[PDB]
Amino acid sequence: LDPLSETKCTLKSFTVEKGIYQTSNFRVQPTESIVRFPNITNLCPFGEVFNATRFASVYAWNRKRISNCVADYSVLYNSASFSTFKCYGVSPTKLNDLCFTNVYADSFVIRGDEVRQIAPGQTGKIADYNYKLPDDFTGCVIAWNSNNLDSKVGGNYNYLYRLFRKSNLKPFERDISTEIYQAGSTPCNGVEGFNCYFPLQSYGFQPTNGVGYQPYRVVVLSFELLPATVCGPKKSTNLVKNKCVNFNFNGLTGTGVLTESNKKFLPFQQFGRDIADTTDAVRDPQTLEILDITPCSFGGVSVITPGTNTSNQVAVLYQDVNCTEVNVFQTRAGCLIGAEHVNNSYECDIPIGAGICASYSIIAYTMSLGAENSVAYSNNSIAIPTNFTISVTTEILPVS
Amino acid sequence: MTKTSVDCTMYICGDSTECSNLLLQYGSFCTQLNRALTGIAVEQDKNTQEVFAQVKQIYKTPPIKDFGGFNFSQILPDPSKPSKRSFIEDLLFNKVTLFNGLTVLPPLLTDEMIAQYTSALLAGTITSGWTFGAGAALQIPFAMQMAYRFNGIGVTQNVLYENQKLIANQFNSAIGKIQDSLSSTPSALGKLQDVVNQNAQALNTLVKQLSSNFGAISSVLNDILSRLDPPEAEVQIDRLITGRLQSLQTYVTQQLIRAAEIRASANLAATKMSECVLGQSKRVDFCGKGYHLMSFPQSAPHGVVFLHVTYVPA
Amino acid sequence: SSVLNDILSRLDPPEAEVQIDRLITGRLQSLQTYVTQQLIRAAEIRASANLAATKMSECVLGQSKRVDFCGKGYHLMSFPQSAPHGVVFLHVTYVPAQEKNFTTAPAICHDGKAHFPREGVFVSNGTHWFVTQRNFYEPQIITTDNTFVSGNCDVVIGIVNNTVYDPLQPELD
Ligand SMILES: *[C@@H]1O[C@H](CO)[C@@H](O)[C@H](O)[C@H]1NC(C)=O
Ligand SMILES: *[C@@H]1O[C@H](CO)[C@@H](O)[C@H](O)[C@H]1NC(C)=O
Ligand SMILES: *[C@@H]1O[C@H](CO)[C@@H](O)[C@H](O)[C@H]1NC(C)=O
């Protein structure tokens, strides 16, 4: 409620002795949090895979490896040009917060009716004979219709897909064998005829293809993690100065006020530490400006009371705080609020510090040292007492 | 000694609510440490007030300095206002070289009013000798006063009055020798320096402790908040808080032990004022080597310097 | 929990001993803090008590020359009184008062010879030169009994002329 009550609880007693008590501590807090990463530049070549003019057959799916770059999946996810966005293992969003060691991109082309079979736990001709994927893969499959890019007048037969084969294909297996499939009268032995059929068949895409039969480009991105090399995207924020701010400069997180600094950093030095290895200055990477970090003010509240017995009026002293950031009167011990400045000079009653004291309205003055009297000195003058006094004092000393 | 206060909460946590709830859940150690920290400050203020504020009246030296040949321009306030400190005192002051909840409080008595106290004291000594300490100051030509001192020592007054130049030359020269020794020779304020060192170094420790892992994954409690979920977060934080609390408590105890040492030294210094400066001491070697004649007080950054005249036969 | 009974009554040995171990680490820390702080104080109090013993010994069983040791002013005596956990010394001291100036002279020229108070000071009210004692105005004619001669008066700085009464001669007469 008010300082006098806060003091009352601090002392756990409803009756306050005249003095100054240090009740609590006032802190400033960060406002306008900021993050700053450097000026803008090493992006993964996803475009080289997606926009790529040539794609291999479904049975000849082309594999590429991506590492040592930064991947921005937000642009891909928020594109609206792809009709297939299925991420398994991780959420389709929040992919910018994940960093992996490697990325494997398996790209190929199929017809629309077969876009369903590309998923864990499914069975089908394409999945079983052309491209089988692991049941528990951690990645995402992207795909989109490619009629305008894969349909040709008279039939685009460059795309092939295997039909017949005996076993099943194991995870991440690439088979290019073109041996004639045997259906049984005797082994083909590189000879066709009865019970010997060519394993693979051509899609033959045409411009007038139906939605199901229209071509579709499919790319499966598998993330491999076991030092991670490809991490997420750098929207840095703006720089604000002269306020208690929570700042993040290239992983260095802290709280304080940033101000212009006269310090000169070397080209290869980012941040400077004062004695005791406490961060003192930081160079903002975006514009290479060196900024001094100062802890935004904090310090003790002391409450000055003349005693509940005498009056309920109080004074706050904010210690080592410039109280422009909060009868405000400024002293070397901080500032005092609630206490009237006077120029007089009395004996010290309640000692505030730096040579100021308070006394009871509550007045803050500059303690007087005592009655200043000059002794009437003369090289041939003495002062002799003509009376005396028998003074009895009490000295108390703890023993036990 | 330096008056230090430590915000236990912030210094242990540093703006972390969950660390705060852990430590409040850990007991009420912050009160004790704080409130000893207070005790120990207000004890510092009390050393100074005791040692220096013996006289309640500020005596002023005459404008006319006719002390029988004795020259005390070097110890008497400089009208040039180098903070109103004597040239000895400036010398002493410039011969000593002086964020995580550790602040420093300012002393109650500034260097300026300490210098003024020493000035009142020293002027009351020159004018009145010891009778400004027993009541009201009584003037005396200071040649007589030195005759009375000699009398006390166990010399007759004629020895002084016949010898008054020589003694004056001599005491000037000794003051000048103190002036060179404190001007050129170093390590003269080793005690006060050592105190300042030992305090500064306790802080640099306790700070430098503040960055230890005490078994945790890391020493920055933000990376443990940002890397772990509540249960093991509180685990690691608990370890940090055990370690930090240990370190604070070490610190505060060591500071205590020292504060007791310094209080002993300060009450020795108050006794030395009281007897050597406001009077002539019979206590052999108490107020310097030889037969005490007098002493003059001078302020220092965090102590007092007594220049004691004594009489040495030869 | 902080009640070791509810931890005995809620858990089985292994995790019981775990939690108890934590309590015992904490409690042991607290005791040890306490005992150390009590120590530090006991040293402080022992210092204060030996100061008090010195104060008995000197102020009460004798008269102290130690200025302000046994009270402000010139010590006369002290009386001890008991207290709950300490001692109270009531010290008598003598404090001069009602001052009065006087012109002084380190010595006196008489018969070409310098005279020096044997115990006291030479003071003059306006015209007349008395030898008093230092701590109480009690003026008293200058006399060869209460001054001692040391050489001529060409060397003392600030000597003053005056007549030194010789308390024989009227006895001869
Ligand atoms: C404070 O108030 C009480 C209330 O009864 C009064 O009796 C007492 O004298 C007061 N104490 C002081 C120190 O003024
Ligand atoms: C004190 O009060 C005012 C300023 O508040 C000033 O004008 C006045 O002269 C001061 N009195 C002094 C310095 O004696
Ligand atoms: C003493 O003081 C007076 C003036 O105060 C001065 O003129 C005189 O020369 C001095 N001499 C002696 C011996 O006191």
# chains A, B, ... in the order shown; residues from 1 in each chain; ligands from 1
call {"tool": "residues_around", "arguments": {"residues": "residue 185 in chain A", "least_positions_apart": "5", "cutoff": "12 Å", "atoms": "only C-alpha atoms", "output": "list in words"}}
result
residues 191, 192, 193, 194, 195, 196 and 197 of chain A
call {"tool": "residues_around", "arguments": {"residues": "residue 156 in chain A", "least_positions_apart": "3", "cutoff": "7 Å", "atoms": "only C-alpha atoms", "output": "list in words"}}
result
residues 151, 152, 204, 205 and 206 of chain A
call {"tool": "write_last_selection", "arguments": {"atoms": "N, CA, C and O atoms", "output": "short mmCIF file (atom, residue, chain, number, x, y, z; two decimals), in the first residue's frame"}}
result
data_model
loop_
_atom_site.label_atom_id
_atom_site.label_comp_id
_atom_site.auth_asym_id
_atom_site.auth_seq_id
_atom_site.Cartn_x
_atom_site.Cartn_y
_atom_site.Cartn_z
N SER A 151 3.82 -32.06 -69.89
CA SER A 151 2.89 -32.54 -70.91
C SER A 151 3.35 -32.05 -72.28
O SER A 151 3.64 -30.86 -72.46
N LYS A 152 3.41 -32.97 -73.24
CA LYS A 152 3.83 -32.66 -74.60
C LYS A 152 2.82 -33.25 -75.58
O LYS A 152 2.25 -34.31 -75.35
N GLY A 204 3.54 -41.53 -70.84
CA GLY A 204 3.06 -40.87 -72.04
C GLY A 204 2.10 -39.73 -71.74
O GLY A 204 0.91 -39.82 -72.06
N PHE A 205 2.60 -38.67 -71.12
CA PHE A 205 1.75 -37.54 -70.75
C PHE A 205 1.39 -36.69 -71.96
O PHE A 205 2.22 -36.48 -72.86
N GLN A 206 0.17 -36.19 -71.98
CA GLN A 206 -0.37 -35.36 -73.04
C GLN A 206 -0.94 -34.09 -72.45
O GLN A 206 -1.29 -34.04 -71.26
#
call {"tool": "interface_residues", "arguments": {"of": "chain A", "to": "chain B", "cutoff": "8 Å", "atoms": "only C-alpha atoms", "output": "MDAnalysis selection string"}}
result
chainID A and resid 25 276 295 299 332:333 351:356 369:384
call {"tool": "write_last_selection", "arguments": {"atoms": "N, CA and C atoms", "output": "compact mmCIF listing (two decimals), in the first residue's frame"}}
result
# COMPACT_ATOMS: atom_id res chain seq x y z
N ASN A 25 14.15 -3.11 -2.76
CA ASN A 25 15.04 -2.72 -3.84
C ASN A 25 14.23 -2.47 -5.10
N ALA A 276 36.47 -8.79 -14.58
CA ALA A 276 35.58 -9.82 -14.06
C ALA A 276 34.77 -10.49 -15.17
N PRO A 295 23.84 -1.62 -17.14
CA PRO A 295 22.67 -2.19 -16.47
C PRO A 295 21.67 -1.08 -16.19
N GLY A 299 18.40 -0.27 -7.50
CA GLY A 299 19.04 0.11 -6.26
C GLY A 299 18.05 0.08 -5.12
N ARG A 332 24.08 12.79 -3.25
CA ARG A 332 25.12 11.85 -3.66
C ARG A 332 24.80 10.43 -3.25
N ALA A 333 23.85 10.24 -2.33
CA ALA A 333 23.40 8.93 -1.92
C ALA A 333 22.24 8.41 -2.77
N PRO A 351 20.63 9.86 9.75
CA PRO A 351 21.72 9.99 8.77
C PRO A 351 21.35 9.37 7.43
N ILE A 352 21.23 10.20 6.38
CA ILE A 352 21.08 9.64 5.05
C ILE A 352 22.40 9.32 4.37
N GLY A 353 23.43 10.17 4.42
CA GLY A 353 24.66 9.82 3.74
C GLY A 353 25.22 10.94 2.90
N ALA A 354 26.51 10.86 2.59
CA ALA A 354 27.17 11.88 1.80
C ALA A 354 27.07 13.24 2.47
N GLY A 355 26.90 13.23 3.78
CA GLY A 355 26.75 14.47 4.50
C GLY A 355 25.38 15.07 4.47
N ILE A 356 24.38 14.34 4.09
CA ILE A 356 23.02 14.76 4.38
C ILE A 356 22.28 13.85 5.31
N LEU A 369 28.46 20.05 11.79
CA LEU A 369 29.62 19.78 12.57
C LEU A 369 29.82 20.19 13.98
N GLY A 370 29.10 21.27 14.35
CA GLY A 370 28.96 21.78 15.69
C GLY A 370 29.22 23.23 15.75
N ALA A 371 28.92 23.85 16.91
CA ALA A 371 29.10 25.29 17.10
C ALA A 371 30.54 25.68 16.76
N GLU A 372 30.71 26.49 15.70
CA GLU A 372 32.02 26.89 15.22
C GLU A 372 32.44 28.15 15.98
N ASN A 373 33.46 28.02 16.82
CA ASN A 373 33.93 29.10 17.67
C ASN A 373 35.44 29.20 17.53
N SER A 374 35.93 30.42 17.36
CA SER A 374 37.36 30.68 17.26
C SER A 374 37.90 31.05 18.64
N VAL A 375 38.94 30.35 19.07
CA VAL A 375 39.53 30.61 20.38
C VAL A 375 40.32 31.91 20.31
N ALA A 376 40.12 32.78 21.30
CA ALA A 376 40.78 34.08 21.33
C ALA A 376 42.25 33.87 21.68
N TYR A 377 43.00 33.38 20.71
CA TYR A 377 44.42 33.12 20.91
C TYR A 377 45.23 34.41 20.89
N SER A 378 46.14 34.52 21.86
CA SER A 378 47.19 35.54 21.85
C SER A 378 48.42 34.96 22.59
N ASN A 379 49.64 35.02 21.99
CA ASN A 379 50.96 34.53 22.43
C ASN A 379 51.29 34.93 23.85
N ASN A 380 50.47 35.75 24.48
CA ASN A 380 50.63 36.08 25.88
C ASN A 380 49.28 36.13 26.58
N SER A 381 48.43 35.14 26.28
CA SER A 381 47.11 35.07 26.88
C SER A 381 46.80 33.64 27.26
N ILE A 382 46.30 33.43 28.48
CA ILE A 382 45.86 32.13 28.94
C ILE A 382 44.46 32.28 29.52
N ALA A 383 43.74 31.15 29.54
CA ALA A 383 42.40 31.09 30.10
C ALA A 383 42.45 30.07 31.23
N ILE A 384 42.06 30.47 32.44
CA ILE A 384 42.10 29.58 33.60
C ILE A 384 40.70 29.43 34.19
call {"tool": "interface_residues", "arguments": {"of": "chain C", "to": "chain B", "cutoff": "8 Å", "atoms": "only C-alpha atoms", "output": "PyMOL selection string"}}
result
chain C and resi 37+40+44+66-69+72-74+95-97+99+106+116+150+155-157
call {"tool": "interface_residues", "arguments": {"of": "chain A", "to": "chain C", "cutoff": "8 Å", "atoms": "only C-alpha atoms", "output": "JSON, numbers by chain"}}
result
{"A": [380, 381, 382, 383, 384, 385, 386, 387, 388, 389, 390, 391, 392, 393, 394, 395, 396, 397, 398, 399, 400]}
call {"tool": "residues_around", "arguments": {"residues": "range 6-17 of chain A", "least_positions_apart": "4", "cutoff": "10 Å", "atoms": "only C-alpha atoms", "output": "list in words"}}
result
residues 1, 2, 21, 22, 23, 24, 302, 303, 304, 305, 306, 307, 308, 309, 310 and 312 of chain A; 31 of chain B
call {"tool": "write_last_selection", "arguments": {"atoms": "N, CA, C and O atoms", "output": "short mmCIF file (atom, residue, chain, number, x, y, z; two decimals), in the first residue's frame"}}
result
data_model
loop_
_atom_site.label_atom_id
_atom_site.label_comp_id
_atom_site.auth_asym_id
_atom_site.auth_seq_id
_atom_site.Cartn_x
_atom_site.Cartn_y
_atom_site.Cartn_z
N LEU A 1 0.82 -1.21 0.00
CA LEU A 1 0.00 0.00 0.00
C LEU A 1 0.85 1.27 0.00
O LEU A 1 0.87 2.01 -0.99
N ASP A 2 1.61 1.49 1.08
CA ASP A 2 2.47 2.66 1.19
C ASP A 2 3.76 2.33 1.91
O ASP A 2 3.88 1.30 2.59
N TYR A 21 15.27 2.81 7.48
CA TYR A 21 15.30 1.37 7.29
C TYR A 21 15.28 1.04 5.81
O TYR A 21 14.61 1.73 5.03
N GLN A 22 16.02 0.01 5.43
CA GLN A 22 16.21 -0.33 4.03
C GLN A 22 15.21 -1.45 3.73
O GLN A 22 15.41 -2.59 4.17
N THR A 23 14.11 -1.14 3.06
CA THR A 23 12.95 -2.02 3.00
C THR A 23 12.99 -2.97 1.81
O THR A 23 12.84 -4.19 1.97
N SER A 24 13.20 -2.43 0.63
CA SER A 24 13.13 -3.18 -0.60
C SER A 24 14.14 -2.58 -1.56
O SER A 24 14.91 -1.68 -1.21
N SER A 302 15.30 2.69 0.92
CA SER A 302 15.29 3.04 2.33
C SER A 302 14.13 3.98 2.62
O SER A 302 13.84 4.89 1.84
N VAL A 303 13.50 3.78 3.77
CA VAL A 303 12.33 4.53 4.16
C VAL A 303 12.74 5.32 5.40
O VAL A 303 13.25 4.72 6.36
N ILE A 304 12.56 6.64 5.37
CA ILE A 304 12.94 7.51 6.49
C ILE A 304 11.68 7.91 7.25
O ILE A 304 10.82 8.63 6.72
N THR A 305 11.61 7.49 8.49
CA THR A 305 10.46 7.75 9.32
C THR A 305 10.91 8.50 10.56
O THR A 305 11.97 8.17 11.11
N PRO A 306 10.17 9.51 11.01
CA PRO A 306 10.41 10.12 12.33
C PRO A 306 9.87 9.30 13.50
O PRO A 306 10.01 9.72 14.65
N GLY A 307 9.28 8.14 13.22
CA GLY A 307 8.58 7.33 14.21
C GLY A 307 7.07 7.41 14.10
O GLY A 307 6.48 8.50 14.16
N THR A 308 6.42 6.26 13.88
CA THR A 308 4.97 6.24 14.04
C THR A 308 4.54 7.03 15.25
O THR A 308 3.57 7.79 15.17
N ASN A 309 5.25 6.90 16.37
CA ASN A 309 4.88 7.62 17.57
C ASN A 309 4.65 9.08 17.32
O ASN A 309 3.70 9.64 17.87
N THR A 310 5.51 9.71 16.51
CA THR A 310 5.50 11.15 16.27
C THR A 310 4.60 11.57 15.12
O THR A 310 3.84 12.54 15.23
N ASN A 312 3.00 9.85 11.02
CA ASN A 312 2.94 8.82 10.01
C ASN A 312 3.56 9.25 8.70
O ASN A 312 3.59 8.45 7.76
N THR B 31 17.59 -12.25 4.33
CA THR B 31 17.59 -11.46 5.55
C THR B 31 18.87 -11.53 6.34
O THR B 31 19.44 -10.47 6.62
#
call {"tool": "residues_around", "arguments": {"residues": "range 116-129 of chain A", "least_positions_apart": "4", "cutoff": "10 Å", "atoms": "only C-alpha atoms", "output": "ChimeraX atom specification"}}
result
/A:58-59,84,86-88,110,112,133-137,140-141,161-170,175,199-200,218,220
call {"tool": "residues_around", "arguments": {"residues": "range 292-306 of chain B", "least_positions_apart": "4", "cutoff": "7 Å", "atoms": "only C-alpha atoms", "output": "VMD selection string"}}
result
chain B and resid 1 89 92 to 93 114 to 115 118 122 149 192 276 to 277 280 to 281 287 to 288 310 to 311
call {"tool": "atom_distance", "arguments": {"atom1": "CA of residue 327 in chain A", "atom2": "CA of residue 343 in chain A"}}
result
14.4 Å
call {"tool": "decode", "arguments": {"residues": "range 83-96 of chain A", "atoms": "N, CA, C and O atoms", "output": "PDB file, in the first residue's frame"}}
result
ATOM      1  N   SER A  83       0.301 -28.339 -54.318  1.00  0.00           N
ATOM      2  CA  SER A  83      -0.911 -28.988 -53.837  1.00  0.00           C
ATOM      3  C   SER A  83      -0.623 -30.138 -52.878  1.00  0.00           C
ATOM      4  O   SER A  83      -1.554 -30.844 -52.480  1.00  0.00           O
ATOM      5  N   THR A  84       0.638 -30.343 -52.501  1.00  0.00           N
ATOM      6  CA  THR A  84       1.028 -31.465 -51.650  1.00  0.00           C
ATOM      7  C   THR A  84       2.048 -30.963 -50.636  1.00  0.00           C
ATOM      8  O   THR A  84       3.177 -30.624 -51.004  1.00  0.00           O
ATOM      9  N   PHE A  85       1.648 -30.919 -49.362  1.00  0.00           N
ATOM     10  CA  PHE A  85       2.507 -30.475 -48.257  1.00  0.00           C
ATOM     11  C   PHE A  85       2.238 -31.416 -47.084  1.00  0.00           C
ATOM     12  O   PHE A  85       1.307 -31.194 -46.306  1.00  0.00           O
ATOM     13  N   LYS A  86       3.053 -32.462 -46.960  1.00  0.00           N
ATOM     14  CA  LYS A  86       2.879 -33.469 -45.911  1.00  0.00           C
ATOM     15  C   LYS A  86       4.209 -33.658 -45.187  1.00  0.00           C
ATOM     16  O   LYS A  86       5.120 -34.311 -45.707  1.00  0.00           O
ATOM     17  N   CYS A  87       4.315 -33.090 -43.988  1.00  0.00           N
ATOM     18  CA  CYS A  87       5.503 -33.218 -43.153  1.00  0.00           C
ATOM     19  C   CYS A  87       5.212 -34.205 -42.030  1.00  0.00           C
ATOM     20  O   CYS A  87       4.255 -34.021 -41.269  1.00  0.00           O
ATOM     21  N   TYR A  88       6.036 -35.244 -41.929  1.00  0.00           N
ATOM     22  CA  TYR A  88       5.890 -36.281 -40.917  1.00  0.00           C
ATOM     23  C   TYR A  88       7.142 -36.311 -40.053  1.00  0.00           C
ATOM     24  O   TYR A  88       8.260 -36.259 -40.573  1.00  0.00           O
ATOM     25  N   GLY A  89       6.947 -36.395 -38.739  1.00  0.00           N
ATOM     26  CA  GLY A  89       8.052 -36.369 -37.802  1.00  0.00           C
ATOM     27  C   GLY A  89       8.194 -35.018 -37.135  1.00  0.00           C
ATOM     28  O   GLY A  89       8.476 -34.931 -35.937  1.00  0.00           O
ATOM     29  N   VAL A  90       8.000 -33.950 -37.912  1.00  0.00           N
ATOM     30  CA  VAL A  90       8.037 -32.585 -37.406  1.00  0.00           C
ATOM     31  C   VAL A  90       6.863 -31.819 -37.997  1.00  0.00           C
ATOM     32  O   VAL A  90       6.303 -32.193 -39.031  1.00  0.00           O
ATOM     33  N   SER A  91       6.491 -30.735 -37.324  1.00  0.00           N
ATOM     34  CA  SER A  91       5.380 -29.924 -37.788  1.00  0.00           C
ATOM     35  C   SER A  91       5.746 -29.221 -39.096  1.00  0.00           C
ATOM     36  O   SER A  91       6.903 -28.841 -39.300  1.00  0.00           O
ATOM     37  N   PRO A  92       4.781 -29.039 -40.003  1.00  0.00           N
ATOM     38  CA  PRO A  92       5.091 -28.291 -41.234  1.00  0.00           C
ATOM     39  C   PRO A  92       5.620 -26.897 -40.956  1.00  0.00           C
ATOM     40  O   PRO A  92       6.509 -26.418 -41.672  1.00  0.00           O
ATOM     41  N   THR A  93       5.098 -26.232 -39.932  1.00  0.00           N
ATOM     42  CA  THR A  93       5.592 -24.928 -39.518  1.00  0.00           C
ATOM     43  C   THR A  93       6.746 -25.123 -38.536  1.00  0.00           C
ATOM     44  O   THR A  93       7.225 -26.239 -38.320  1.00  0.00           O
ATOM     45  N   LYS A  94       7.215 -24.023 -37.944  1.00  0.00           N
ATOM     46  CA  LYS A  94       8.283 -24.047 -36.939  1.00  0.00           C
ATOM     47  C   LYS A  94       9.464 -24.906 -37.387  1.00  0.00           C
ATOM     48  O   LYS A  94      10.205 -25.447 -36.561  1.00  0.00           O
ATOM     49  N   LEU A  95       9.653 -25.035 -38.700  1.00  0.00           N
ATOM     50  CA  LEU A  95      10.816 -25.731 -39.233  1.00  0.00           C
ATOM     51  C   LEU A  95      12.068 -24.868 -39.208  1.00  0.00           C
ATOM     52  O   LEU A  95      13.172 -25.397 -39.368  1.00  0.00           O
ATOM     53  N   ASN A  96      11.918 -23.556 -39.011  1.00  0.00           N
ATOM     54  CA  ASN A  96      13.056 -22.652 -38.932  1.00  0.00           C
ATOM     55  C   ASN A  96      13.809 -22.768 -37.614  1.00  0.00           C
ATOM     56  O   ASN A  96      14.899 -22.202 -37.492  1.00  0.00           O
TER      57      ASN A  96
END
